[PDB]
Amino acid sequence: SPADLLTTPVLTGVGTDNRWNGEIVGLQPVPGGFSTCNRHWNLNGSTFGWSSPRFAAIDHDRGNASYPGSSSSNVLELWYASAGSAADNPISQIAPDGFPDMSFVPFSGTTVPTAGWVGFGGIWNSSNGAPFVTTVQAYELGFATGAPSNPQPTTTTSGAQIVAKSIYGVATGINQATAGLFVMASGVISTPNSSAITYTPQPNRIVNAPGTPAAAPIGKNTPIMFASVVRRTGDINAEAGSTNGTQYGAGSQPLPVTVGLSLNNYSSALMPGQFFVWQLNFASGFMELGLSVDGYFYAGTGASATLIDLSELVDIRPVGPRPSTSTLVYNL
């Protein structure tokens, strides 16, 4: 039974989201639909992505490292490799385990990119594993085409490149035809000033492998993401309730659900066109969430884009398989 995949702690403060590893505190409806594959599992034990259900480090041992010009001090360091080159990843060779599923946001001049996935780390020496210590920085990671001269976003892994670019100047740039990337897998969001931005990533930024099924509304049932408060570079001190705005990141699944789906096969749980339904019991009122065979969650919220606060969620109880045709209750 899927029932124990989603239990009370998962959405009441313990569970984190499968993209940012942030404590889930809201449900973000997506009336326009979305797709996600990375660190996302279905009910047949499979992922279309390239990441295990954990947050550790991003490591690839063979890419091109460079910086522009004849002066190496305080430069933007660029690392890139081809998607499909992660030979040492048994899940998928598309990208290193943990590489974020977000399209690259280009940046130049004095401009910090908006809504980039950013992680800390740097370049390392492919011949011995030692870091190039003068390249440690915050790096934007994403999928692109056209590197090195003009990396531009792409949202398919097919024909893509994986790119890392420091968002601030490194102490001393490194040019190496073969060099490694090391970045910690729990990210922050790039912003150019103190203001919070929209929930990140927006659907049109998410990178998906060929074959990834899409989540679309079914009647009044609308796909959701799981929202957590995520740090942002323009005001790195900001937390929940900041007067400069609260920043949300979102993921397609609670990580505890992803973990469970990755450990057992649930393919006999649902018949075609069913959700597995749970009831979310608030201090007053309740709502239902439905899980599809493809691993996406739904709420009965129709066209509403408004974040649903989970602070008054008390517990979760399983309902069972139900038709996706039936409107999920939303009675808060």
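So that there is no doubt, residue numbering starts at 1 and follows the sequence shown.
According to the PDB record, 90-98 carries the higher mean C-alpha B-factor of the two stretches 137-145 and 90-98.
Higher average CA B factor: 63-71, of the stretches 63-71 and 31-39. Of the residues listed, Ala216, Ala177, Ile189, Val105, the entry assigns the biggest Cα temperature factor to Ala177. Per the PDB entry, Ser268 shows the highest C-alpha temperature factor of the residues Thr301, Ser52, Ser268, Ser292. For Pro201, the recorded CA B-factor ranks within the lowest third of the chain. Only modelled residues enter the ranking. For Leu313, the recorded CA B-factor ranks within the middle third of the chain. Only modelled residues enter the ranking. In the deposited entry, the Cα temperature factor of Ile58 sits in the bottom third of values across the chain's modelled residues. In the PDB entry, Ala238 places in the middle third of its chain by CA B-factor. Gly285: CA B factor lies in the middle third for its chain, per the PDB record.
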